[PDB]
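What follows is one structure encoded as structure tokens, with my remarks underneath.
A quick note on method: Cβ atoms are made from the backbone with ideal geometry, for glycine too, and the neighbour counts reach across all protein chains shown. Computed from the coordinates by the stated procedures, all read-outs in this text should not be read as laboratory data.
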Amino acid sequence: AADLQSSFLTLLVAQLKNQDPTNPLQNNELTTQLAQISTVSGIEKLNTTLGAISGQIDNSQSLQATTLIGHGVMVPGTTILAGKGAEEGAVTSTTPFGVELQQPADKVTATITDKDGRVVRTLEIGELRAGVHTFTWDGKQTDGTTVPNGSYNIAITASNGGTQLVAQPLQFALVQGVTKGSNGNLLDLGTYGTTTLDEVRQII
Amino acid sequence: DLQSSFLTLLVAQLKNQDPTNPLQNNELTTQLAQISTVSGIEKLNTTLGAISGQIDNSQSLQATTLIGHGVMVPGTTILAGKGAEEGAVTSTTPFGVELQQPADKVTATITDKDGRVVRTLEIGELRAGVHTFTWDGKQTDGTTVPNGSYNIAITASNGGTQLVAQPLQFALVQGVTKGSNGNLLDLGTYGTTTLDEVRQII
Amino acid sequence: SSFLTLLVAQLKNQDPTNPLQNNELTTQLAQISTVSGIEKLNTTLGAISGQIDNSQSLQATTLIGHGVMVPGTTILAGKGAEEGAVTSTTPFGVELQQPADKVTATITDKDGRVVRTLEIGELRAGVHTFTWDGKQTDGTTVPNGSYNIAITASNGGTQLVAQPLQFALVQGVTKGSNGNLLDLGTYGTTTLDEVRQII
Amino acid sequence: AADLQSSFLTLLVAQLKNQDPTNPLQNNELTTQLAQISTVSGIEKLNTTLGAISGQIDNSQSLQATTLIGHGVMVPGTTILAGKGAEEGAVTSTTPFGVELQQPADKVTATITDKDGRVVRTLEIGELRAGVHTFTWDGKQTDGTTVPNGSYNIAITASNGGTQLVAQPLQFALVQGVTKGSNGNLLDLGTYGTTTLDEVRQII
Amino acid sequence: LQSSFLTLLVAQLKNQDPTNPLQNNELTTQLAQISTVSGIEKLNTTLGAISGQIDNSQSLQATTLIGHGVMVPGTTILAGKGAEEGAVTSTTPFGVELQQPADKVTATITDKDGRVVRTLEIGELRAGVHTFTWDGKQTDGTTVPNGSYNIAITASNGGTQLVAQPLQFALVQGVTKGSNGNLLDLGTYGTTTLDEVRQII
Amino acid sequence: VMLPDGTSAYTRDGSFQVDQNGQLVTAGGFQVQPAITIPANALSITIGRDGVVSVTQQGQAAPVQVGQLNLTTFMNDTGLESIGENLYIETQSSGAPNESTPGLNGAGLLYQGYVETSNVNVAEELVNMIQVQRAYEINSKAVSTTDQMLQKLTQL
């Protein structure tokens, strides 16, 4: 790009030192000067704008880290954490789950199993449209008693017209750090690892 | 390889003239006038890539921007309840109306789940735009309304002609959902809605 | 397809004794590509402007819970429910466009009776924010209520048009007929540009 | 857009009305002119649109200034507050100061003077690098005595082998509000006045 | 540029051949080409002001990071004990960046005198950034004295050494607009580039 | 302006400068008229819309009146004869000079911090140039035609 203004002069200085006096070359300045030199200046200065915009992109990519720290995003998964608070009489609370649906389904069911794998809860959330829907399990098993504290597996089966649809299970994940990978700014979920902004279906 | 499509097109039609001498020796510089042409596009199209990356950074920043607040969304539901403290005063979620025409005669009628009117609110004159008020949580007789939900109907009229009115209701923002279109304000009970459809952010 | 009816119509009076060379036609197409790319960038830049508007709208939510300085003469005085609470008054302000050296704030109660006189002094051109101490002329604690402030600014014996300003807590952000508006509650709905100062 | 397009349209009617009837101009270049003008008109509106982006970014920056309300920033200035808190035994603390150097200097002398003009102490730590270097003075006399609480000013002189350098003094300035004035939206520093956001070099 | 291209246009007009004058069908072409370069110059400068404003915005909005603690490049780890009775020894967390995954990761923690106090084996670490929290205990299992310690992280995959850069945690006190800008003034450590800052806690 | 003859020149260039001896000059040591002497202890200088040039001295908080700078108006502006430097000298067609205070007697005002840009629009000059160049081409063509006529006539 900068070679245009340097290979232009070498050819030009040749024609200036090798003019024929009887037939002097007035096309050295007819169009060669103002048109091509400026046409070089059009491209050579488009190097800077691409460089300037690249520098601005480099500055902007750090604004993600400059922004606040995540308080917990909603990510694909099946793990639900349940426990009891330090205070006496605290109601057991579970980390929220959810489903991503490409198309609306006329039936949505949720199967919650303990670490042993046996089904501990069956839930009929209801009717959902195409998109990401997030809910919170009450922490009650089939009989309505308090579930043991720990980890649970949620499987959401949703179908429309008797045909099973692509239902992506989603689990809550608490954000704890702002990492910088080889690709860009990423969120750190701690135990779950690191996650990207694009795959974050929802933020809580 | 586009350079070879013309650099060798030049030096396949110039590596013959020099033999046969129809020499101009002066149009020879059209190589550079064409390389700057192909490169002059090679940087505009690639600039579109950088500007798209900037756009992506814009959505990333929009996603990072998060606030826990309330918004004003179309609807007729007004909630009423009391706190766990003894002697708490019933408070109701603010309602409102969006009118594209100024209205002078505006009445807010509040009915319970049974369908009967519990309280009628006289609003009065309203200018063009969005107005948001708060129901006192008391019936027409002044008694405290029972805890639950109520339906608000706002009738607006200017000069004796009833105007189309958009009922509004308060909704706490619960999250930002990345759907097939972008960021949606997941309000929980109300659901998900776009930023523009929010009449007021409280 | 602007430069295409021009391009197709150019190939009619083509003059085979001196036609479009390959260099000119290739340049002409490429130069058209230059125009298309710039316009594509121009439409793209508008989307970024809208995104920046959305970002500033999201940033403006911090104004909720914070008070703006808006034109007006109302100062609210109140005392906390706790024992020993000292009555406090909402901050006020003055907007000026000419240099002033002699500024008097006459504060009157809801009945209009002059309860306090304050001498602010010299003020430059711009917005100046002050706070009433809550003390009337005799120094006693003013009762809670609304007070009307008249601000008179003068320089060298001639009075200047002084714009009184007052505190107004921002209650919400409204998507009105034009865009982002600041609903201040008691003061009402206001915009961003008129905001003298945020507190 | 039409500011240049109307002016560039006079150049078309000047070339069309003033062509040699013996040797007219080929229409091949005519579409090049129209393409070139569209290129010029496209760049012209790009600058207009981008200036609006600059103004919007300035407004967003002014809005973001409300995030750190009640804190303090270091902006071009020399006013220094020295004092102590109400708790007994508080060491006389001096508000942070700073020096901005366009070029690095191997010998920088910072002399602090009280309201009376008396020199309280000169700091000799060594060189100070280019950029903004801020320090928090201990608030002590030249002999170790706690400085009286009041106003101070620092004179910072940099030397490069006997050749001086121009530097920018900066002082901590607590912001009590963000005020929209005649020029733009400035930051009210109270005693220090009102200042824009672009000269903010360091904050605390 | 726009001025310097007008002179090349003025020169031709005042030096065109008198009895064989040049064609007149380029003046609006050349000026438009000249006006193209001038337009880009106006663009090019305005982009720089946008970069400066973005730098200032990054410098701002960082009061949350100032209040919080971040991990910065360096081998320093601070260990301390609370003044309260029975306080658990606190240790600044560290980290390491790996360009390539490694199977053997060794963390050697030494006192300010250089004597090795602790040796730890982490194991497999994939490409990216990894964070750890030292227990504040030396090799024998006793709590290390409160102070600064130097950490050397060596990550190798199958006997081939890979780049492992230990990180240091420090408290932020300010954000500086230095010669370039976006410096993270922390006090004893000094200023840190925001891009080179690893994570915010 | 005073030329070295003691005559008068006139310039619309107010980018005034200070010489070694303090007189106000304009790009060439042209000692303006009437004589105006900037003080050595000048801190700042101001020039109102009525042309009074007054300076800030150290210590004193007052713009002492150092000089008055009045304009000159001719009844025919076009008649002036330039001698370079954007200076014009009085000539018989321009008319006698009328020296008067700024703002009055039809004169203008003096704006500090401003420079007046040339009244040359590039677009107008370029369209004029196109017209003129075509005329030039045609005239050279006519000369060449007469040349050919004569040389054939002699070939006869």
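At most 14 other C-beta atoms within 10 Å and a DSSP loop state: those are the exposed GluC sites (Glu not before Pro) I care about. Give me the longest piece of chain A that has none. Result for the longest clean stretch: A:1-86. Report the label-to-label distance for D:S151 and B:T8 in nanometres (one decimal), using points 7 Å from each Cα along the Cα→Cβ vector. Calculated label separation equals 8.0 nm. For chain F, modelled as a GNM with alpha-carbon contacts under 10 angstrom, which of F:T72, F:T117, F:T145 fluctuates the most? Between F:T72, F:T117, F:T145, it is F:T145 that shows the largest mean-square fluctuation. Against chain D, whose longest principal axis comes from its Cα atoms, helix D:2-16 is set at around 30 degrees. How about E:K104: which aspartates and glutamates have a C-alpha closer than 12 Å to its C-alpha, ignoring those fewer than 8 places off in the same chain? Straight-line reach from E:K104, under 12 Å: E:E121, E:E124. Helical runs (DSSP H, four residues minimum) scored at -39500 (n - 2.57) apiece and divided by the length of chain A put the mean residue ellipticity at 222 nm at -6500 deg cm²/dmol. Remark: relative contact order (region F:47-87) = 29 percent; criterion is Cα-Cα distance under 8 angstrom and separation of 6 or more residues. With the cut-off at 1.5 for a/c, could you classify region E:94-201 from its C-alpha gyration tensor as rounded, prolate or oblate? It comes out oblate by the Cα gyration axes.
In region F:92-132, Rg over Rh equals 1.20, where Rg is the alpha-carbon radius of gyration and Rh the Kirkwood radius from pairwise Cα distances.
List the pairs from A:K45/E:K42; A:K115/A:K140; D:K84/D:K140; D:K84/E:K177; C:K110/D:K180 whose alpha-carbon separation is above 19 Å, in the order I gave them. Over 19 Å Cα-Cα: D:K84/E:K177; C:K110/D:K180. On a C-alpha basis, how far is the centre of region B:76-107 from the centre of region E:27-61 in Å? Whole number, if you could? Each part reduced to its Cα centre gives a spacing of 51 Å. Among the GluC sites (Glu not before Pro) in region F:63-156, those located in a DSSP loop and surrounded by at most 14 other Cβ atoms within 10 Å of their own Cβ are F:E85, F:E116. Can you give me the angle between helix F:122-155 and the longest principal axis of chain F, using Cα atoms only, in degrees from 0 to 90, rounded to the nearest 10? The angle comes out near 30 degrees. For D:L174, the amide hydrogen comes within under 5 Å of the amide hydrogens of D:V73, counting only partners 5 or more places away or on other chains and with H modelled in the peptide plane.
Prolate is the label for the protein assembly as shown. Its Cα gyration tensor axes, ordered a ≥ b ≥ c, give a/c of at least 1.5 and a/b above b/c. Number of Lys pairs in chain B with C-alpha atoms less than 27 angstrom apart, excluding same-chain neighbours closer than eight positions? The result is 5. What the Cβ-Cβ distance of F:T91 and F:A61 gives, at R0 = 35 Å and to the nearest 0.05, is a FRET efficiency of 0.15. Of the trypsin sites (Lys or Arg not before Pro) found in region A:102-204, those that fall in a DSSP loop while having at most 16 other beta-carbon atoms within 10 Å are A:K115, A:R118, A:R129. Can you give the relative contact order of region A:150-196 as a percent, counting alpha carbon pairs under 8 Å and 6+ residues apart? Computed over region A:150-196, the figure is 22 percent.
For region D:48-59, the Karplus equation 6.51 cos²θ - 1.76 cosθ + 1.60, evaluated at θ = phi - 60°, returns couplings of 5, 5, 5, x, 4, 5, 4, x, 5, 5, 4, 5 Hz by residue, with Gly and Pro reported as x. Listed values for region A:85-99 are Karplus-derived 3J(HN,Hα) couplings in whole Hz (6.51 cos²θ - 1.76 cosθ + 1.60, θ = phi - 60°), namely x, 5, 5, 6, x, 5, 7, 4, 10, 10, 5, x, 10, x, 9, and x replaces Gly and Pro. Once C-alpha pairs closer than 8 Å and six or more residues apart are averaged by separation and normalised to the residue number of chain D, the relative contact order reads 25 percent. Between A:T31 and E:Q161, the simple spin-label model (points 7 angstrom out along Cα→Cβ) gives 6.3 nm.
When the Cα gyration tensor is reduced to axis lengths a ≥ b ≥ c, the ratio a/c is 1.5 or higher for chain F, and with a/b above b/c it is classed as prolate. 3J(HN,Hα) along region D:165-173, derived from phi through the Karplus expression 6.51 cos²θ - 1.76 cosθ + 1.60 where θ = phi - 60°, amounts to 10, 8, 10, 10, x, 10, 9, 4, 9 Hz, with x in place of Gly and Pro. Projecting label points 7 angstrom from Cα along Cα→Cβ for E:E121 and F:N121 puts them 8.6 nm apart.
In straight-distance terms, cross-link reach from E:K112 covers every one of the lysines whose alpha-carbon lies under 24 Å from its own, apart from those fewer than eight places away in the same chain; here that gives E:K81, E:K137. One equal scatterer on each Cα of region C:1-148, no solvent, Debye formula: the resulting log10 I(q)/I(0) at q = 0.09 Å⁻¹ is -0.57.
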